[PDB]
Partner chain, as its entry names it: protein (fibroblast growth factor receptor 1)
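First, one chain by itself: the form solved without the partner chain, in structure tokens.
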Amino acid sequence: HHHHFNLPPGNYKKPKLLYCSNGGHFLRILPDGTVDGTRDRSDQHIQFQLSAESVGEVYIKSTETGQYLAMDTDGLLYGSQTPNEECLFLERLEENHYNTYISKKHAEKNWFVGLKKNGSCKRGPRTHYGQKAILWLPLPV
């Protein structure tokens, strides 16, 4: 392992919203596969169903479009129609409170799922431990 194994409490029984502490945005995957953040709580594309592959490994799937959150070879997030190796994330506790999601594929590079204060996605290499951009709070739908 290249990372710790402090896991967050909670389960995957129900869908959730993923709120980024940084700019207070909800993660969003639009129909065309575009990923970004929005403050609009009434958005129909901010609801996600998380599921565990192995302990601590998860898929993040849009309940509205069925698209899986994924990070490509150059670190950009995108919505995938089918589950693949780029869709697996290491879900961990951070700052004893928040949830972080590390690309499994690029875990050695410490590429995280994260949003900038303006709600745009951070590219893998631009993320790192210590940033507010990578801190998530899972909320009930």
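Numbering follows the first chain given and starts at 1.
Although not depicted, the form solved in complex with the partner chain is the subject of the following passage.
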property: Interface membership of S103, the partner chain in the deposited bound form, 4.5 Å heavy atom rule; result: no
property: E53: touches the partner chain in the deposited bound form, heavy atom cutoff 4.5 angstroms; result: yes
property: Contact flag, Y78 vs the partner chain in the deposited bound form, heavy atom cut 4.5 Å; result: no
property: Heavy atom of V58 within 4.5 Å of the partner chain in the deposited bound form; result: yes
property: Stretch 91-117: residues contacting the partner chain in the deposited bound form, 4.5 Å heavy atom cut-off; result: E91, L93, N96, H97, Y98, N99
